[PDB]
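In: need a 3D model of the sequence below.
(chains A and B)
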Amino acid sequence: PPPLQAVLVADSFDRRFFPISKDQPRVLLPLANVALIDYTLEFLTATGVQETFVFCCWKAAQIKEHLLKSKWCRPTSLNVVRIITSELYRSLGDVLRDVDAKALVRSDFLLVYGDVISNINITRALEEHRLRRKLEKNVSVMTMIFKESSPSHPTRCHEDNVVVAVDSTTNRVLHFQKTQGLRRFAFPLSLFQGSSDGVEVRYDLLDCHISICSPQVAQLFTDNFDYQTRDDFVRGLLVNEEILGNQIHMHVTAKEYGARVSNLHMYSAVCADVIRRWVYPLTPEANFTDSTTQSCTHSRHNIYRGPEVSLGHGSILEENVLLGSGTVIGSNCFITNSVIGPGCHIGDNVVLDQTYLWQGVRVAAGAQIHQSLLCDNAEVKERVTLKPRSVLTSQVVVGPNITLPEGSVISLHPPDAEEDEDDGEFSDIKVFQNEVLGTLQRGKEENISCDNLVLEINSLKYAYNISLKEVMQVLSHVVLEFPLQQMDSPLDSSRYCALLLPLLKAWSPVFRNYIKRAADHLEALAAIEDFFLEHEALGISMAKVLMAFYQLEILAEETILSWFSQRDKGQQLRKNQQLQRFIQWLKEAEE
Amino acid sequence: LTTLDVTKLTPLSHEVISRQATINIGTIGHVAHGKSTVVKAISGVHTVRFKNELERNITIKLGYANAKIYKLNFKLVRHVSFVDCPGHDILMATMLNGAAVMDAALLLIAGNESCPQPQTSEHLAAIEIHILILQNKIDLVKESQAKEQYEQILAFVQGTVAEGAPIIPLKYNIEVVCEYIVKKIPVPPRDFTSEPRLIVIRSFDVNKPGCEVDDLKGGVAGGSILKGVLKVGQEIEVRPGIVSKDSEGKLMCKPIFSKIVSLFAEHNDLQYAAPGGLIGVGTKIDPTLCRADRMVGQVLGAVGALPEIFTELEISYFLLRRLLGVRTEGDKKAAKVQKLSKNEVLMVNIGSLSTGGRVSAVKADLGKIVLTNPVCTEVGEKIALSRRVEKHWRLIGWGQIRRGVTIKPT
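Out: Numbers count the residues shown, from 1 in each chain, chains lettered A, B, ... in the order given. For reference, the structure is listed below:
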């Protein structure tokens, strides 16, 4: 087999990090003083990947510059990394389509995102995938990696929770869905018809967002050009099983760690896990990205101390604290469960609880910081309290004597930030008639072409298997009722004549094409008689209505004479002077 | 055994010079991919087996089936290629984007039921446009057959608005249908004097694994020719060519030049290719650029076709209000085409060129569709617009190209 390859999408095509991601890509955000790209590159290198492709679109220049100075771009790195940039990328589907276009891969590559923290060794999963592919002759197209977990774990965010129904004896994924906002899950019966021997429903799987894929995956992505996410591919493939089977299998790990950073909740959870050595050997003191700045020593209660930290007198580090190089801590401080970047300056009598400080953060004396994030070079003035879930972006200062609420997100960009930040704190046939009327109303507003309008009317008639005589009656009734809608409550004949003018002229080709036979003309006249009788308030203008049919050639001159000759109550209405005058005028004008 | 030669100037549709395939006839019916048995009984089962690979677009590719009609120790009178794709929506979208496709139709109606499939077939036949309906409900009682015929006549009475006046009624029915087709099918006017133009719908790599350096054949493309006649040895060019974006800029397309080293139909074809069939023009192209279905979507020109490479197209459209002929029992907003949402991927289908395009902007009369790959069709042609509602691409509307972005790389 050829050397193992990997496609590393270095751009999340979704903005879950405004306003933080407005000046720094999510891929370059420091988790434990080390960027996420470094973690995922180390994971790829440690598992045997020998060739990696990074596809970065948003702020690709910064990612390129950071990568070129990294360890993996050295000539001595066994994991060769290729950097491909393009502004046209919009989704992971675009990346896979480009991979298939340039034919980057040859067989059984790795699909991971650029923010995946893991220590998983995929040797067993890769061997199982290859053996299954060899035995089934190119049926299994993907092998997704999952981690055994519990629904109550902090890593199990509500957004990315997933329930999967699988075949327990072959590890084949039969159904896959997300549980965001759902209090009750549903599974189609088509799962049980094939693998009736064994079916399991698993909710204890954490999605590591790692997949072992085949070039057939890229081929399917470029076949269905509308695919944008891996979930779209999985769903569309699992629903289209009768043809192009192309089944998907899975692998479950129990003693290994893997999770992707999608939001601040996942960021905090993964940072806490990394500090507490849950991703061994990817520990802060391991210095897996060899550099002079990120060296530190591990002590009791998971205390990581860098060079020249210079802790003050009386300050207490409780547990799970990482201190960067060049940091300065005051006196009588209390830092716990916090990560502090290099070069930070901390005042006296401060309290830090589950907080994260990036490079250059300066904190004045007496501050109280709990469960908040402080980006690069953020500053806090004297006696400021930050309630949980607070975010301070880069170059942000907070004035003295203020207690930011429990959701404060402030940056130098006014719109995206919830508060602009600065050196201060504050400041049966019935449906057919309705459809015909709806189409006619929509067509008139949008000025629909006669040929297009005729096709739509014909399509509806053929769909409902409507008859020819019924269609003529329905068309006349719908058109006549539509002219009545022009006047709200006039109940006059003048309004009916005004409305029937534009309707007859604009829709003349449609009526003429539909009403051509003599029998249809007789049916149309009968429908007009019912319409005139049902609208006797507007029926005084029936003479104009009769003239309109002759003028538009929908009803012939003999048709009007035949309708007038045939009679009763309707004949008395047709015996009026206005009706008689129209017949005499039409006969004389014709000849 | 035929005796095709290489001496012809002005051939005809019914001329015996080709005698392989000159007229393409569609086949849309309620068989639901069951028309294969009828086609085999009319044409042949194993007639088409010359190049196989891993199928990619099973339900989005139009398939042909060559067949020669013989009459009166029999002599071949006419040859027609039967086209039948899975799903009438794709065929309807392809046919109603210009002309020179599916000159004839055969409505495979059923005498057992009158389900919504017949209505959809009738709507597709009306939208696409000489039809010839036929009922395959064999093994029925005489009274049952008469009742089915009466029901079919009642349906055809309404269907005759556009074209609903055919007549047809195991191999005896096939023979009767063949005789009726031979008697009724008219010769369509095809411009043989124009420059040849071929649209690729199937690509192959004939070089088997572990082959020697001597028997190394490659570049065996395929597809259909609309206007013109292709002659072996001519210098042909691919309008799309090879598209690369590694230059850190806009997409650059370099056309590929080759020579027609062969021309193969289902049987052994001559050095000249005629329109109205599936002719595989095997050129001198490297198999690496033409692997299994890796060249589909390119137009193989001859004299440098004027159609430039288009990246984005401004198309004025008339979106259809509802699904054409689809009125289910529920119809809970399923048969209702919504407005053109921004950043939505739609299947632009210009003639037989199936490509993908996302909507970038629109103001109430015209959208600006950015295509997933460049195309070379025209500057004012009619481009259909489709979109899937549930795992099935379906027609949504029409379009007329008004402007575009041109790419002209050397």
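
In: for the helix or strand harbouring residue A:267, packing partners?
Out: In the assignment (DSSP states H and E), residue A:267 maps to helix A:264-275. Helix A:264-275 is packed against strand A:116-118, strand A:258-260, with contacts defined by 3 or more CB pairs under 8 Å, 6 or more residues apart in numbering or on different chains; DSSP states H and E. All C-beta spots, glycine's among them, are computed from the backbone N, C-alpha and C.

In: check which helix or strand covers residue A:218.
Out: helix A:215-223.

In: which helices and strands sit right next to that helix?
Out: Using 3+ CB pairs under 8 Å, 6+ apart, helix A:215-223 sits against helix A:92-102, helix A:230-239.

In: and the residue of the stretch 151-300 of chain A found nearest chain B, what is it in contact with?
Out: Residue nearest to chain B within the stretch 151-300 of chain A: residue A:225 (3.4 Å; CB to the nearest CB). Each residue near residue A:225 by CB atoms under 8 Å, 6 or more residues apart in numbering or on different chains is listed here: A:93, A:97, B:345, B:347, B:356, B:372.

In: gap between the second one and chain B?
Out: The reference is to residue A:97. Computed as CB to the nearest CB, to the nearest Å, the residue A:97 to chain B distance reads 7 Å.

In: my guess is that residue meets residue A:220, correct?
Out: No. Using CB atoms under 8 Å, residue A:97 makes no contact with residue A:220, being 10.4 Å away.

In: quick check: most distant residue from the centroid of chain B.
Out: Distance from the C-alpha centroid of chain B peaks at residue B:143, with 39.6 Å (CA atoms, centre = their mean).

In: confirm it sits in a helix?
Out: Yes. Assigned with DSSP: H, G, I helix; E, B strand; the rest coil, residue B:143 falls within a helix.

In: what about the closest residue to residue A:504 other than its chain neighbours, how many neighbours?
Out: Closest residue to residue A:504 in three dimensions, ignoring its sequence neighbours and counting by CB to CB, 6 or more residues apart in numbering or on different chains: residue A:548, at 4.8 Å. Neighbourhood size, residue A:548 [other CB atoms under 10 Å in any protein chain shown]: 21.

In: export the helix or strand containing residue A:131 to PDB, keeping only CA atoms.
Out: Using DSSP H and E, the element containing residue A:131 is helix A:123-136. The C-alpha atoms that make up helix A:123-136 are tabulated as PDB, following Å, rounded to 0.1, in the frame of the first residue of the first chain:
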ATOM      1  CA  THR A 123      -3.500   1.600  12.900                       C
ATOM      2  CA  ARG A 124      -6.200  -0.900  13.900                       C
ATOM      3  CA  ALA A 125      -9.000   1.100  12.300                       C
ATOM      4  CA  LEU A 126      -7.000   1.500   9.100                       C
ATOM      5  CA  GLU A 127      -6.200  -2.200   9.000                       C
ATOM      6  CA  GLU A 128      -9.900  -3.000   9.500                       C
ATOM      7  CA  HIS A 129     -10.900  -0.600   6.800                       C
ATOM      8  CA  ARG A 130      -8.400  -2.000   4.300                       C
ATOM      9  CA  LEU A 131      -9.400  -5.600   5.100                       C
ATOM     10  CA  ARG A 132     -13.100  -4.700   4.700                       C
ATOM     11  CA  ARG A 133     -12.400  -2.900   1.400                       C
ATOM     12  CA  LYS A 134     -10.500  -5.900   0.100                       C
ATOM     13  CA  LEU A 135     -13.100  -8.400   1.100                       C
ATOM     14  CA  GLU A 136     -16.200  -6.400  -0.100                       C
END
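
In: so what touches it?
Out: Here helix A:123-136 has contacts from A:1, A:4, A:47-48, A:108, A:139-140, A:143, A:145, A:171, A:212, A:214, A:249, A:251, using CB under 8 Å, 6+ apart.

In: buried sites along that helix?
Out: A:125-126, A:128-130, A:132-133 (16 or more other CB atoms under 10 Å in any protein chain shown).

In: angle of it against helix A:215-223?
Out: 80 degrees (axes from the mean of the first three to the mean of the last three CA atoms, to 10 degrees).

In: quick one: residue B:338 is in a strand?
Out: No. Counting by three-state DSSP, residue B:338 is not found in a strand; it is coil.

In: how many neighbouring residues does it have?
Out: 11.

In: which ones are touching the residue nearest to the spatial centre of chain B?
Out: With distances taken as CA atoms, centre = their mean, the residue of chain B nearest its centroid is residue B:62 (4.7 Å). Residues in contact with residue B:62 (CB under 8 Å, 6+ apart) are B:83, B:85, B:90-91, B:94, B:201, B:352.

In: quickly find the element holding it.
Out: Using DSSP H and E, residue B:62 is not contained in any helix or strand.
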